[PDB]
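Examining the three-dimensional arrangement
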Number of protein chains: 4
Amino acid sequence: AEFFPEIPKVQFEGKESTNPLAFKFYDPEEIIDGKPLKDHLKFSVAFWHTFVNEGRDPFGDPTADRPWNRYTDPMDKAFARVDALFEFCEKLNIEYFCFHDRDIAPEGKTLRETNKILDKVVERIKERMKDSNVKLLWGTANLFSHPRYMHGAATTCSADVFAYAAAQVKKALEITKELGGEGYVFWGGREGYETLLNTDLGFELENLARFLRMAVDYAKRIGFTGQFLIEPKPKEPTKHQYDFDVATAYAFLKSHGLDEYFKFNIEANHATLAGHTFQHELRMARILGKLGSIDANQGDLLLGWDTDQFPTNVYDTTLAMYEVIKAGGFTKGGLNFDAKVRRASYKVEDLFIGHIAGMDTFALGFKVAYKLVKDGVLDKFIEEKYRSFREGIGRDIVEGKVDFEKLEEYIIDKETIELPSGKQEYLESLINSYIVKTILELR
Amino acid sequence: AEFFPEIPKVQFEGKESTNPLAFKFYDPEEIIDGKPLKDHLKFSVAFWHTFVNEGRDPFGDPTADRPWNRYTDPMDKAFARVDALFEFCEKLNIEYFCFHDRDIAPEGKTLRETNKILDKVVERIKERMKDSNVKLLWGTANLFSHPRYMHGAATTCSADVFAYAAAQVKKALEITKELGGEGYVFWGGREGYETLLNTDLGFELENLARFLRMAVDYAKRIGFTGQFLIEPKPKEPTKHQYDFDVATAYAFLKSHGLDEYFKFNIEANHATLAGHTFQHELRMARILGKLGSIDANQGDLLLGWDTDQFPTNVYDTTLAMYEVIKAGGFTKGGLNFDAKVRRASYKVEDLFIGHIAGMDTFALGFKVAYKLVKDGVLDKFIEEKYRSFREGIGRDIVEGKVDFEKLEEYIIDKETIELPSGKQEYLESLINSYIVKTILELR
Amino acid sequence: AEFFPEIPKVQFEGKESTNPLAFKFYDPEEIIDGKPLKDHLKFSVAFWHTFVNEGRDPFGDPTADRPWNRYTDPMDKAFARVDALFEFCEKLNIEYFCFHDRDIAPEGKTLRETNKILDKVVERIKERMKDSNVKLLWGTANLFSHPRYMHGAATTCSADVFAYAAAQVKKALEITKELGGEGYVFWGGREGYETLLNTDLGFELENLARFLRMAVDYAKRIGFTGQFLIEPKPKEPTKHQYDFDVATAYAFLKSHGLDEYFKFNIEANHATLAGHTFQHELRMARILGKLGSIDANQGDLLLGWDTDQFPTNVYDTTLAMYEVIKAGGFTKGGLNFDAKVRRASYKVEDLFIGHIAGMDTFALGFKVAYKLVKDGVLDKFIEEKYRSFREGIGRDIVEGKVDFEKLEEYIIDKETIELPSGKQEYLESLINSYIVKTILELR
Amino acid sequence: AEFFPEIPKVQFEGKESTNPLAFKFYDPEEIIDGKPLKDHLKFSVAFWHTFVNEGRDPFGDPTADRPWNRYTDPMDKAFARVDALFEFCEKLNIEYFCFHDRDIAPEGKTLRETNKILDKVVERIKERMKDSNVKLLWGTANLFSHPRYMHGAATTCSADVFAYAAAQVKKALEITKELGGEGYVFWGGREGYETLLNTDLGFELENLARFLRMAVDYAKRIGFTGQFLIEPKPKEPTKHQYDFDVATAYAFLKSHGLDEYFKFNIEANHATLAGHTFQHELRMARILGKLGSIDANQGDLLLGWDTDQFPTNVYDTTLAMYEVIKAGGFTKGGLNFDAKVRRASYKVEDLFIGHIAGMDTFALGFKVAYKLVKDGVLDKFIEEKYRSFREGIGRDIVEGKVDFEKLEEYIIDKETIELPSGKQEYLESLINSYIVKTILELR
Ligand SMILES: [Co+2]
Ligand SMILES: [Co+2]
Ligand SMILES: [Co+2]
Ligand SMILES: [Co+2]
Ligand SMILES: [Co+2]
Ligand SMILES: [Co+2]
Ligand SMILES: [Co+2]
Ligand SMILES: [Co+2]
Ligand SMILES: [Co+2]
Ligand SMILES: [Co+2]
Ligand SMILES: [Co+2]
Ligand SMILES: [Co+2]
């Protein structure tokens, strides 16, 4: 209780609980199918938003009131944050965290310097790690903040930058393997363009592919076993980011033979910024077999930039979780809270309140989706809707016995064709009924 | 001059011309590189917007004043339109048109009936064709208007509909081959979803692929030589259309081994509705080697639906044409005016005025792009910008002599890395200078 | 049971009900504060979407399967629809309907003709009305469908059209007064522009104002007592509609002295299309004292056009209803279901299913908002948040005792200023708790 | 040449000029109607973007290479910037600049401290001012950057903040009057909301109005003669900003009796972010008689946040300038370049290149608009389009001799009504012709 003395370890208080520092729906311990609820959800904290971020926006200064802000020595701060991390996870009941290499340790004048400094904090992280139960869900290299990357990393126009980026990723892969990460994420924040006038699209996409596979070859050369995750985003900071979305990123991987090595880390706000719903992007990832992990936030659909808010909407969490359950639940991934407090929610307790809200909403949603999937209510409607492809000519079609000519013959004279209603208004009311059903079974 | 007696054949009148029924920039005959300008641009009329469409919008009745509207007998109208088509192209100087099978001939009670009726008009089209110089750029089947397709065509939930759709496409391929079309287009207008709740995404995408290849196999079985074009659109009428954009459609083709057979027909308004610029979508198509053809319109970026306006913006036409020239110009495609007059531009002369405006804008843009490409002004800046990948470690990288380890070695101690400016503000002013340059060389 | 023989009168079946033709949350009879629930909500059917509309979209033909479609004589159909209206309301338990003058009766060759034809159906409506309990919530003139209005009605460039529009509105006001309407709505569907190039903005806004007040003067001259409602919409069909939103329309009214006579009919989908949330638009209307009535639908935030879906989202209905309750509930207005079935929900039962879903969602939302308002949970937080304006200099400010000079004096030396957290993450979790609370008290 | 030794004073080099540090269209000295071109345009630099801003974006560190960055003492930097300002304006040929109070001088621990520090730099600004020809177009107080304003300034929930804000504005008004500013701008950057849950909309709007008028009363008490400008913005940083746009802000002013004292400073990117075109917002301001000044930038319509780019599009500059000319040109306002270089355009020469590009584009646009307005080409079409309101019943309507009854009489039997085409496709081609015309008359 050194850092956040006023915050106690958080416990479950049930559906009617009134205390803001209590879980209303998330019972970490509750077992479902022989697994405690915590092992279904695999909640994780994002080091960047929670410990580094201080409420600065394009028009304003940082607002956050954080304990480690007294330490003015960059290294004291870096260490203070590592300690706060573990205390935070302990009280909030979390067992996973994610970080960028540049989140944990300040940079030196050279890469060598930088790496040395980096090792210092990594070692401290490992001590507190084994003393605790928190683990590394995934690690990643920040290839977008430093001016060096203004024209991109792998897609830069400067070979020196390409080299630096390859070296940084190398280190990042190393410390991730050392800390036992389940995955390694690629967010191409500057891998895109601001204008086509100065962009050799084809060249940049080639270098990007060379980079990706150099990374997969080195992962082999060091016996790294984590899952490689690509995190799509349509834009911001760039005008167009290359991994625009699942389908686009897939197209690039498949196109260059890199797909077998990658899965996707889908973020709600990224999905909606590309004009897709969160569910859509999850389903796509799923049928491709690459639903890797999830960054659990929530954007504002009436705003054109990532708001990165804590998820407080049961409709979204339900449809999201429905996809995960149908994919078979998580393997080497989970619900990393890539979200942040509103600038005005600047008090330390708001960090806690925010994370609790997200966990409750996702927990409840998981439970609603669990019923939907168990009763099989949606799966039956769908099975009935595409019924004709099981009987008659339908099956001939699917099996491949038919061609255009045989289809013309079959259909040439048929006058009226019978069609099912879509029932959308009905299905939606159903989601409401299951929300009500589940709430009634809540403790 | 039977249909549009008040409109004379349109001729070039030069840059300072004042008459709205005159080309100011488009000189059909002007030869560039041994080809008249008309053979670079390959302008084409869209039968649907020009002859069938009458200004109806979701909130209002049709407004168009068209000659063929006296004929109340559906067939008289169908024939009246075929005649107007050729007169229109003659006066407006156009040599290509595109049509949907359901644009040219009313439907019967059965497919057989429908096909018979269809043959009647196709024959009349062929007579007037050989008597004229207009040709079929591409044909396509309307698989979205008739209620039968409310749940899609290839992605329908009813095998009967799948069959009907296969049969209709079969006929469409036939009459396209007969009329000598350069290509056959697929617009999946209803090939998408309105809700995921009733959608088996994976199944629909499978049937879609079966369909596409049945179509390519039958194209073989009839010695059809036209290019198969897929026309991407992100949405409308659907919430999500499967061929969302170039990259997405590519991903699906490549994923199912259908890519070698297809190229893309890119439409400005579709590009921008998916959150892309027209140029972006053209460049993508280009580096994939599938810049097939273009539907030349212009959307309104502040409106969320296809406005389908005539292109009157030289910046857009310049960047668009720049991509075509760099792709090597058209082969089996061209600038089909998939655009329509504003509801209030309901007079017959507005049809002409609209098409002239689009042709001028595209002609001028072609000329600006032609200079940009000739002076090689942009290509030099780009060649200089990625220079480091030719010298030193840069080339080692590209050639594949380097790995992460060797890159770490090279970069481990480098303190400062030198970067070029992006020059975006400069490049943009350049586009302005070339617009001014070209205008000064205009007759 | 003549028209919809297969549909029985709908009754309440409770929260756990499974039957799609049953209310789960809406108990018409349940009394709250001495009023049955039906008198709080005042649900109403929209004649246009339910009886006239048949599922036609810009890319497709109508799909709806409706009983009255056998009658091919326009008048038989017009009468068949009036009968269906009352049967529909009876079974679905609704007591109000809204209509456009052009929804109920086909048009003649002249206004005189048209009015005669109109009287025929109005009389039939009045008979079945007194035989039933359904009433007219509000009436309105369709000033956008007929080609005559392509350039607007009051904002047209043709004085003849202005005249026709004034005459049509006159008739509309008359039959509304005759049928006992509670209000008369103005939707300026064509009162806007598609381009500024041909628009004399100032003139059109002047004629619009002349029109509005001619209408208020004639309402006096006939002793009409209904509330005049303006229904804002940012666009569609126009590029820009003049009554863009509450604030904009207010600005125009206030600017021309017409505000005292009008209130607003707020539509969810219109609010969100203008970049506002439904709640925002309701609150604005409320503090202006002009929260007149509501068109209860739900748009799709990822689509740029009115989807006009049935409301199935409890978050929206809760925040919406919260505003109504705080405004004091309805007076001369209610929840008109200006929504329509999805094109694929083409069966008659879907009309019922759709309306039931909307009513349930709005009923439940009303109940959640009712608790929020009763416990006063939000009002207390707000009272505490702006506390400093009650004590000290705060009150001096509000009362007007202070000026800049006195404020400079008070503040010139104050070093640190204490600020409250915004608690957004907290407040949102609260809305979730009240949804859960209310569901537990549900029968 | 101390700060930017490598940049010479910029001169006009004409339409065919190739040198990026030369004006191609902007000839400062060229007289039009007895005024040099510089007095029509009144170009101005924004202190914030040019001197303070360094290319930092939400995902990245600052990139800018600026001379004054060696000075690590905050005050040395503050003074270094004032010197650079005047050198910049001299070389770039600019005679006006705009600044925020917090742009020019670092803040102290108390307001008193802060004001003292502020006076130091203001005095240095005044010396170099009288030694030069640059003037203050407008000044403004930064009421959004400092944490104190996280809940707003005038709309804050803390009376202390309200007081501080009133005091800061007081000082700002003072130094603006001292430096001879033509206007004083209000940008309510934090005057809006992020959530309605914690917002007493009515109260905040009341305090906002109290504030505005306290400001107008003190402007009187000090004999300030500059024009008060309100600068609308729909959002960012807030979810909803109160002065959403011209009409909304107008509504609030008019509603509280503050309108007679204010005019609008319209910004392109703000207009388009609210779903309006730049021209639309200018026309509105114009017919209200409050087209005060312009912030000349250009947003990216496919991005949902302010990009604040330098204007390089002649279509936009033409329609914008067309409105200014029609308003009668500038009085106490001008074209302040509230724009910034792309992050990658980090070299000092790019600052110059960017500003030159904007000035050329606006100069050329001014010239195109000047012809449009002189030939009166658009005004004639419009005069002809609304012709019927001059003759017959049309005039009776406008003059107010008509009512609904007389209009019913006039129109009751009229069968067909004749309507003009809208000619949009024609008018747009015209804008192209005038762009070509003007370019040919360019030196
Ligand atoms: Co400690
Ligand atoms: Co994100
Ligand atoms: Co993320
Ligand atoms: Co003839
Ligand atoms: Co289209
Ligand atoms: Co098209
Ligand atoms: Co009957
Ligand atoms: Co609507
Ligand atoms: Co409505
Ligand atoms: Co010096
Ligand atoms: Co701005
Ligand atoms: Co500004």
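What counts, and where the lines are drawn
Residues numbered from 1 in each chain as written, not as in the entry; some residues may be left out. Chains lettered and ligands numbered in written order. Heavy atoms only, no water. Residues with missing side-chain atoms left out of burial classes, pairs and counts. UniProt positions renumbered as here; feature names shortened; annotations may be inferred. Pairing = 2+ DSSP bridges. Helix = DSSP H or I, 4+ residues; strand = E, 2+ residues; numbered from the N terminus. Axes fitted to C-alpha atoms, helices over the stretch in contact; angles between N-to-C directions. Contact = heavy atoms within 4.5 Å. Donors = N, O, S within 2.8 Å, 3.2 Å for Na, K, Ca; no water. Buried < 20%, exposed > 50% of the residue type's maximum accessible area, 1.4 Å probe, protein only. Parallel < 35°, antiparallel > 145°, perpendicular 65-115°, else oblique. Left-handed = near helix turned anticlockwise from the far one by under 90°. Nonpolar A, V, L, I, M, F, W, Y, C, P; charged D, E, K, R; others polar. Salt bridge = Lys/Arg side-chain N within 4 Å of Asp/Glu carboxyl O. Least-squares fit on C-alpha atoms. Disulfide = S-S within 2.5 Å. Expected span 1.5 Å × (residues − 1).

- The deposited coordinates, according to the entry record, derive from X-ray crystallography at 2.7 Å resolution.

- The PDB entry annotates chain A as XYLOSE ISOMERASE originating from Thermotoga neapolitana.
- Readers searching the PDB will find this entry under the title "XYLOSE ISOMERASE FROM THERMOTOGA NEAPOLITANA".
- In the Sequence similarities part of its UniProt record, chain A is described as follows: "Belongs to the xylose isomerase family."

1. Here we look at the sheet that holds strand β8 (residues 227-230) of chain D
All names here are of chain D.
- Sheet architecture is closed into a barrel: eight strands sit in the order β3-β4-β5-β6-β8-β10-β11-β12, paired in parallel fashion. Here the strands of the sheet are splayed against their neighbours by 30 degrees on average, with no regard to which way each runs.
- Sheet topology places strand β3 (residues 44-46) next to strand β4 (residues 96-100); two bridges connect them, and they run parallel. Paired with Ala 46 across the strands is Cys 98, a residue of β4.
- Packed on one face of the sheet, helix α8 (residues 246-256) meets β8 and β10 (262-267) and runs near 160 degrees to β10.

2. So, the coordination of the cobalt ion (ligand 3)
Residues and elements named next belong to chain A.
- Each protein donor to the cobalt ion (ligand 3) is listed here as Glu 231 (OE), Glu 267 (OE), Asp 295 (OD) and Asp 338 (OD); together their distances run 1.9 to 2.2 Å.
- Positions of the donor residues of the cobalt ion (ligand 3) along the chain correspond to the pattern E-x35-E-x27-D-x42-D.
- Between the cobalt ion (ligand 3) and the cobalt ion (ligand 2) the interatomic distance amounts to 4.2 Å, and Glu 267 serves as a bridging ligand to the pair. Of the two residues, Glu 267 is situated in strand β10 (residues 262-267) and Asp 295 in strand β11 (residues 291-295); the sequence distance between them amounts to 28 residues. Taken individually, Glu 267 and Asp 295 each receive the classification buried, so the pair is uniform in this respect.

3. Topic: the packing of helix α11 (residues 314-327) of chain D against helix α12 (residues 348-375) of chain D
Residues and elements named next belong to chain D.
- Direction vectors running N to C along α11 and α12 enclose 55 degrees, while the axes themselves pass 7 Å from each other. Accordingly, the angle class assigned to the pair α11 and α12 is oblique. Crossing angle aside, the handedness with which α11 passes α12 is right-handed. Contacts between α11 and α12 involve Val 314, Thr 317, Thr 318, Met 321, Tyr 322, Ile 325 and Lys 326 from the first element and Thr 361, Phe 362, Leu 364, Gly 365, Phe 366, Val 368, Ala 369, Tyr 370, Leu 372 and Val 373 from the second.
- For the contact of α11 with α12, a count of residues per class yields 12 nonpolar, four polar and one charged.

4. Side note on the environment of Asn 19 of chain A
Residues and elements named next belong to chain A.
- Relative to the helices and strands, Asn 19 resides in the segment before β1 (31-32).
- By relative accessible area, which is 28% here, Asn 19 ends up partly exposed.
- Between the C-alpha atom of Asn 19 and that of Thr 318, which follows or precedes it by 299 residues, the distance is 24 Å.
- With residues near it in sequence (within four places) discarded, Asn 19 still touches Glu 13 and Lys 24.

5. Observations regarding the environment of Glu 127 of chain C
- Considering the arrangement of structural elements, one finds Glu 127 of chain C in helix α5 (residues 111-131).
- Put simply, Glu 127 of chain C and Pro 58 of chain C are 69 residues apart on the chain and 37 Å apart in space, counted from C-alpha to C-alpha.

6. So, the interface of chain C and chain D
- The interface is formed by 91 residues belonging to chain C together with 91 residues belonging to chain D.
- Top contributing element to the side of chain C that touches chain D by residue count: helix α7 (residues 201-221) of chain C, with 11 residues.
- Class assignment of the residues belonging to the side of chain C that touches chain D gives a composition of 49 nonpolar, 22 polar and 20 charged.

7. Observations regarding the interface of chain A and chain B
- Listed by partner, the interface residues are 91 residues for chain A and 91 residues for chain B.
- Sorting elements by how many residues they give to the side of chain A that touches chain B places helix α7 (residues 201-221) of chain A first, with 11 residues.
- Residues that form the side of chain A that touches chain B fall into these classes: 49 nonpolar, 22 polar and 20 charged.

8. Comments concerning the sheet that holds strand β10 (residues 262-267) of chain C
All names here are of chain C.
- Spatial strand order, β3-β4-β5-β6-β8-β10-β11-β12: eight strands in a closed barrel with parallel pairing. Going across the sheet, the axis of each strand differs from the next one's by a mean of 30 degrees, ignoring polarity.
- Direction of pairing for strand β5 (residues 135-140) relative to strand β6 (residues 183-186): parallel, over a ladder of two bridges. Bridge pairing links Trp 138 to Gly 183 in β6.

9. Some points on the pattern of salt bridges
- The tally for this structure, following the rule as stated, stands at 108 salt bridges over all chains.
- Among the salt bridges present, the one from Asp 413 of chain D reaches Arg 112 of chain C, with a minimum N-O distance of 3.3 Å. In this pair, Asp 413 of chain D sits in the loop between α15 (404-411) and α16 (424-440) while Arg 112 of chain C sits in helix α5, so the two residues belong to two different chains.
- Judged by its relative accessible area of 47%, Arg 112 of chain C is partly exposed.
- One salt bridge connects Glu 95 of chain D with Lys 135 of chain D, and the closest N-O pair in it is separated by 3.7 Å. Here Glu 95 of chain D, found in the loop between α3 (74-92) and β4, pairs with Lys 135 of chain D, found in strand β5 (residues 135-140); they are 40 residues apart in sequence, far enough to count as distant.
- The partly exposed category is assigned to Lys 135 of chain D, whose relative accessible area is 35%.
- Beyond isolated ion pairs, a larger network of salt bridges with shared partners links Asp 119, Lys 170, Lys 171 and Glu 174 of chain A together with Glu 408 of chain B.

10. A short note on the pairing of strand β4 (residues 96-100) of chain A
All names here are of chain A.
- Counting buried positions over the five residues of β4 gives five, a clear majority of the element.
- Burial of the side chains of β4 extends over both faces: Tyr 96, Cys 98 and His 100 are buried on one face and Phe 97 and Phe 99 on the other.
- As defined by bridge partners, β4 adjoins strand β5 (residues 135-140) across four bridges and the pair is classed as parallel. Each bridged residue has a counterpart across the sheet, and for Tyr 96 the counterpart in β5 is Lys 135.

11. A look at the relation of the copies chain A and chain B
- Once chain A is rotated about the relating axis by 180 degrees and shifted along it by 0.1 Å, it coincides with chain B to within an RMSD of 0.0 Å. One copy is carried onto the other by what is essentially a two-fold rotation axis. Among all C-alpha atoms of chain A, that of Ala 251 of chain A lies closest to the rotation axis, at 2.1 Å.

12. Here we look at the environment of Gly 394 of chain B
- With respect to the secondary-structure elements, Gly 394 of chain B resides in helix α14 (residues 392-399).
- Distance in space between the C-alpha atoms of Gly 394 of chain B and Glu 16 of chain B is 52 Å, their sequence separation being 378 residues.
- The residues touching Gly 394 of chain B, leaving out its near neighbours within four places in the chain, are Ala 159 of chain A together with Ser 388 and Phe 389 of chain B.

13. Comments concerning the state of the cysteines
Residue and element names in this part refer to chain A.
- With the rule as written, the count across this model stands at zero disulfides over all chains.
- The thiol of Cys 98 is unpaired, and the distance to the nearest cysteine sulfur, on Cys 89, comes to 10 Å.
- Exposure remark for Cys 98: the relative accessible area of 0% places this residue in the buried category.

14. Comments concerning the UniProt feature "active site" in chain A
Residue and element names in this part refer to chain A.
- Taking the numbering used here, the UniProt-annotated feature "active site" corresponds to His 100 and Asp 103.
- Along the chain, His 100 turns up in strand β4.
- By relative accessible area, which is 10% here, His 100 ends up buried.
- Leave out the neighbours within four places in its chain, and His 100 touches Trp 48, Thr 140, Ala 141, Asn 142 and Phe 144.
- Residue position: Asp 103 is located in helix α4 (residues 101-104).

15. Some words on the relation of the copies chain C and chain D
- Superposition record for chain C on chain D: RMSD 0.0 Å, screw rotation 180 degrees, translation along axis 0.1 Å.
- Interface overlap between copies: 100% of the residues of chain C at the interface are likewise at the interface in chain D, consistent with a symmetric, same-surface contact.

16. What to know about helix α12 (residues 348-375) of chain A
All names here are of chain A.
- Counted at 1.5 Å a residue, the expected span for α12 with its 28 residues is 40 Å, and the 42 Å between its end C-alpha atoms agrees.
- Taken across its 28 residues, α12 has 23 buried, putting it largely inside the fold.
- With its phi angle positive at about 60 degrees, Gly 376 sits one or two positions after the end of α12.

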